[PDB]
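Chains as they are written, first to last, in full-length UniProt numbering: chain A, 789 to 891, 902 to 1114; chain B, 789 to 891, 902 to 1114; chain C, 789 to 891, 902 to 1114; chain D, 789 to 891, 902 to 1114. This report concerns only the one structure given below.
Protein chains: 4
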Amino acid sequence: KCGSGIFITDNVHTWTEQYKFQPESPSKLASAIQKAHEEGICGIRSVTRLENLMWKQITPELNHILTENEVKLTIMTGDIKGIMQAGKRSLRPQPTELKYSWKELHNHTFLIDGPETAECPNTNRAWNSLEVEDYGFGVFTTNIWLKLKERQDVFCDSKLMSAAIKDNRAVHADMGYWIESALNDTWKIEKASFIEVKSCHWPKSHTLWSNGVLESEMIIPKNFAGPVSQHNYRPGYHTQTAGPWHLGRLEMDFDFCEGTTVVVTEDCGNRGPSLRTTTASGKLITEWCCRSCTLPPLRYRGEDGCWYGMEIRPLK
Amino acid sequence: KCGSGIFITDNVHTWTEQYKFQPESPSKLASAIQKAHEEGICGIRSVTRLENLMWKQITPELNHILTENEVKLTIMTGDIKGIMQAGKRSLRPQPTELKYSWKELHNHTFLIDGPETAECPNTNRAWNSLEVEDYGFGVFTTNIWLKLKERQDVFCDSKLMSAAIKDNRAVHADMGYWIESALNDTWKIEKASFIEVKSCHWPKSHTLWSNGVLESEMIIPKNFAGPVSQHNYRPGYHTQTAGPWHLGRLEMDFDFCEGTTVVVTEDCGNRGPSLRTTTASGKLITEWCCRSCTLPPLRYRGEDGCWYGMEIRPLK
Amino acid sequence: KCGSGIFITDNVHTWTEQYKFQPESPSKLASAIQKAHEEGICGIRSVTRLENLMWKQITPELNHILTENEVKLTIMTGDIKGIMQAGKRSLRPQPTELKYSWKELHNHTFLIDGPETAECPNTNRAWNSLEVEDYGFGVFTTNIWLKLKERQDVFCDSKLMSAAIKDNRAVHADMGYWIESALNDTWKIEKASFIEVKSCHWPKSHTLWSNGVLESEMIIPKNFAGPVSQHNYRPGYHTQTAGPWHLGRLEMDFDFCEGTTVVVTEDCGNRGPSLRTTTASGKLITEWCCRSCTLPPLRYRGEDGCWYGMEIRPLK
Amino acid sequence: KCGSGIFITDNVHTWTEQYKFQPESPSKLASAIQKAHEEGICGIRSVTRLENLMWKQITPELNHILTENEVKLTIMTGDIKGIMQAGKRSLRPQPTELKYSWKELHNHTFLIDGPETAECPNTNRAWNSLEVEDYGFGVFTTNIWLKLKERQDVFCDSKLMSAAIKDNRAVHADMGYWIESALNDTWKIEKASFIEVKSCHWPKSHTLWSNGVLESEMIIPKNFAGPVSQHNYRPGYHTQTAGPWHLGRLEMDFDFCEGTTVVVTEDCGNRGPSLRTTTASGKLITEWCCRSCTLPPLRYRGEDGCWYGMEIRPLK
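Structure representation (structure tokens):
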């Protein structure tokens, strides 16, 4: 009989850990580092948080398994501090290697993601090189996956992504971002969950209404993977370039923060970098104004106090 | 604790019946027809199949409940024959009415959807007037719903619609259309299920990659609600303007029809209207050629035999 | 990484049509009838509604394709009228056949489902013989499926079934039955959807709390596939043996029917067969009493008016 | 229109963290401990892992906020080491309290879950006292929840549970347990995921086929929350009472561990406590026998090497 048919559900993959990358075995990757090191590369800064974990998970192996190939170097991991900036280089295969598939530290230093930007510039660090392909299938081990990007690219991973819309709401999904929008009378952004900030450009292939979108009228800037959509719009708002992105995990919501309220005026100044966490004396500013805002204003919530959108400045 | 969170599944609403529209009670609707009839309107042709059913489900009521308001007219329903064309008019509130909320046929004739295009032109028939709003909630009775469109519009319903994508496939969903696309190496259309053909324009708010889309490089023409997307692309193809849309229920697939095969050549002519159901003698044409096609070609499947895309013509 | 994992959703398969059974091709089935006819079998009465449709869908073929095997007989289908009773016989393979896989009506009559119980007794009709196995996979055509039951059995089909529970509610699912229960303070039945009534016994392998269940304390009797569960319990209630099961499609709900109310008393009589659709004069009985009931009482809703549970009788 | 309807999906809640219990505010709970302490109670050992985390998450508050009520004591948290045994007492409200809703350590010791069984016996520790009710709704903060159990009970929490079955497989779900069974020809257990081991009895309200189940023919013993079901059966097997439950996180699978194979014989001895992780010399035993087993045998997998079921013993 018939029958159309119809299926598919999405998504069930928020805040998971994750992630490893062996396989792909460090054989090809380590040989790439050796051939990259002689090319003058110095550091690696990850494009995703789990990528930084995968380096940290496998780094002691490359500390010695690379030395098993009579080549000497040292690699040390670091920590995560938002924003997770972008490197200006990448490494490519080069699939030829001379080593054994499963068969330190006096030499020069090859950096790994760490708060040491003053040591080596981002212009001398590879970025967004290794990524799925292949897949995440199928026993939660990925996968064998994490193939090398043949072509230099700025877009994020195209595999672990999602976007959907059903009659009241549209969401954009990846490992970290959970931008969500709703429809009261006009489609507009409602809430979003941020757990990191990646500088990779959001890919058009997983957006909605990607027509006539103004880069200056967004909510989340494109440079921090802001989806090109009308769902990134909101009346009386503009891009949050100077927002508190340096914080690690964030939250998007239209509301009033605790003990504070905002009055719509016109004497209030123009946009400016966010504030309110915290006052030097530990106090707060109960007064708040915004010129072209729209109540409820944008509050910033995370592993900290409160911040407000750049349209919101204190009266005094 | 936290918590993101994450939910939502879609979709579960293919080939359902459906559909009624009372409530909204025929009180306001019937009074609108009475005020529309004195405005020179003659016919109604539905924008969706279920709308035609709703007329057929409620038509005997307006045959007499309208006469209870000392106004006389006659309305007769018809049948469905693809394509379900579009009327060039609409009716609008006008919310003032003088009748009773629940408290023929000698006069002039007000037409209803039926195969009688030679009687009254489509330019004298209302179209795409009544639609949800409000909703479908919540006991499968809609809803109270089916409010009047204040503004004349060409886009289809924005409520009962859906679209999604998850790491391998993207689909566009409504009551009837089930356009689906996949990713082997480049994103392209794979299959689609057609059960009617509505002339309402597909709205951009539920599409994907709606940038740089060429109206001449689609698969499904925009005039028959072809989503503006790269997922409507396919290499070596163009728009199916002259396809066998007159058939009621269709099927999109890249394959070879039974007992036939296609050889890629260059002497084969250019595109032309589809064929192969059936030969005047009941035979078939085993030979097939296409100039700029790409195997497997486009076959048309439905409540009939086989048809091929316009790029596919017989050698002889 | 890890990873548990976790998936599965259920269900999306209510009120679907469905259903065909070719394949399995009528080759083996028809030969079985021919060998069954010489065994003295006379009638066929389906165990599911869709089975009756499958007979009706394929019956003209066996009217003549059986005659192609130089054996003559006649078969006529009928209609569906609740309840869909059970036959006391069945047909079994016997896989040997002498005919062609795809290569009337003067002789005796082999009855099929029809309101002709006075003609041939149910004790001379086969029942619950053909069923899935194999499956419903995978293009909505089943399947090839509908294999013969090697062993005589009374339980319903074990393939197309479902049951689940998640923190507030438990449901039992098949093609037609949608028994549902909830938890306010003690687990109890809340609502159920009936679209047919099959006499096959509900299988224990898809129930819940199948311990210490009293056959006299159910809501839906076992003989009409009442799941053996505590979720079939309700305080102050018993089995609905004499309910209005003769109606085709039903509805289970705890509420008051329109224009009527029930007062809890003790002078009211004991249980008795249901009523209230309709009064001989077309009226209703606004007064209602029940001895050991519990408000809200059980109302019967369907393609008819209202009926009440046997615990509910009029005061006069 | 109609409409049945049909919905519900399950589950999406594996390996989450979780969990906090404020609210309910420690006001009532702390006063309960103070009144419990004068009743001779000594320690607390949690029934779930997240409960132990909840104690660890809130313990410093009760270290001092209890002292704010001019009563002095000390509470020290510990660690988790399987199995998470059961205490023989509980604490009950007693809702009367004299303190302030949000307005150490010289005194006696009130113990908390930790590897100190030699200090205070489990017979002098409360267990399975606090649990949801109320709910987990609705911002991932629960909830306000964690109400006191009015009645002493041995069953686990009834709220955060799940069980389902759909045409090929049945699963039992809670925070940690993911017992799963399938159907090849007879229903039998296939795989299960264990991340803790709780001594609370599995509740019958969320099982399947809870009839005629023999406590000696299960796979997972009832004392460690083994669902009473036929899905806990397996031919040629019995209960895993003496299994390696002392390990924290486990895995159920029918397979052969790496580098080892099992031969079915009869000279092999009877059942015995599991082994094979590891040999005193770090070796393995490639030879394996089992009297009444059935290939593939039961392997134990987790944060360790391999173990085999009690039916499997070495030949030598």
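C-beta atoms are modelled at their ideal positions from N, C-alpha and C, and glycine is treated no differently.
Under 8 Å by Cβ, that's how I've got residue i and residue j pegged, so tell me the actual separation to the nearest angstrom.
i, j, result
"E902 (chain C)", "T865 (chain C)", "Contact flag wrong, Cβ pair sits at about 14 Å."
"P1025 (chain B)", "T1005 (chain B)", "5 Å"
"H1036 (chain A)", "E1015 (chain A)", "6 Å"
"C830 (chain B)", "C918 (chain B)", "4 Å"
"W1105 (chain C)", "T1075 (chain C)", "6 Å"
"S927 (chain B)", "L958 (chain B)", "Actually they are not in contact, since the Cβ atoms of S927 (chain B) and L958 (chain B) sit about 17 Å apart, beyond 8 Å."
"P881 (chain D)", "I846 (chain D)", "So it is not a contact: roughly 18 Å between Cβ atoms."
"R1111 (chain B)", "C1066 (chain B)", "6 Å"
What does DSSP give as the partner residues of residue i in its beta bridges?
i, result
"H999 (chain B)", "B:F953"
"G828 (chain A)", "Per DSSP, none; premise fails for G828 (chain A)."
"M864 (chain D)", "Note: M864 (chain D) sits in no beta bridge, so no partner."
"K986 (chain A)", "A:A980"
"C1088 (chain D)", "D:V1062, D:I1110"
"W803 (chain B)", "Looking at the DSSP assignment, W803 (chain B) forms no beta bridge with any residue, so it has no partner."
"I963 (chain C)", "C:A968, D:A961"
"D1051 (chain B)", "B:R1097"
"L928 (chain A)", "A:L946"
"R877 (chain A)", "A:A924"
"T907 (chain A)", "A:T862"
"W1105 (chain A)", "A:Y1098"
Determine the DSSP secondary structure at residue i, reduced to helix, strand or coil.
i, result
"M1016 (chain B)", "coil"
"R1111 (chain B)", "strand"
"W843 (chain A)", "helix"
"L1073 (chain C)", "coil"
"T921 (chain A)", "helix"
"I821 (chain D)", "helix"
"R1097 (chain A)", "strand"
"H970 (chain B)", "strand"
"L850 (chain B)", "helix"
"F1022 (chain A)", "helix"
"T884 (chain D)", "coil"
"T1039 (chain D)", "coil"
"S991 (chain B)", "strand"
"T797 (chain B)", "strand"
Would residue i and residue j be called neighbours here (beta carbons separated by less than 9 Å)?
i, j, result
"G1057 (chain C)", "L1093 (chain C)", "no"
"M973 (chain B)", "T797 (chain B)", "no"
"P913 (chain A)", "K876 (chain A)", "no"
"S1003 (chain D)", "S956 (chain D)", "yes"
"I910 (chain C)", "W843 (chain C)", "yes"
"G1041 (chain D)", "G1107 (chain D)", "yes"
"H906 (chain B)", "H852 (chain B)", "no"
"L838 (chain A)", "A818 (chain A)", "no"
"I832 (chain A)", "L854 (chain A)", "no"
"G1034 (chain A)", "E929 (chain A)", "no"
"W1000 (chain C)", "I794 (chain D)", "no"
Checklist line | Residues within the segment 927-956 of chain A neighbouring chain C, beta-carbon criterion of under 8 Å | finding: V937, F938, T939, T940
Next item on the list: Report the residues of the segment 997-1009 of chain C with a CB closer than 9 Å to any CB of chain D, ordered along the chain.
Entry: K1002, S1003, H1004, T1005, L1006, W1007, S1008, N1009
Note to self: Please list, in chain order, the residues of the segment 792-813 of chain D that have any C-beta partner in chain B closer than 9 Å.
What the structure shows: Per Cβ criterion, the list reads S792, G793, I794, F795, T797, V800, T804, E805, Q806, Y807, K808.
Check: Mind listing which residues of the segment 1076-1088 of chain B have their C-beta closer than 8 Å to chain D's C-betas, in chain order?
Finding: none
Next item on the list: Residues of the segment 1045-1060 of chain B with a CB closer than 7 Å to any CB of chain A: list them in chain order, please.
Entry: none
Next item on the list: Give the residues from the segment 1008-1040 of chain B that approach chain A closer than 8 Å (Cβ to any Cβ), ordered along the chain.
Entry: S1008, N1009, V1026, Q1028
Next item on the list: Could you please tell me which residues of the segment 974-993 of chain D, in chain order, have their CB closer than 9 Å to any CB of chain C?
Entry: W976, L981, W985, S991, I993
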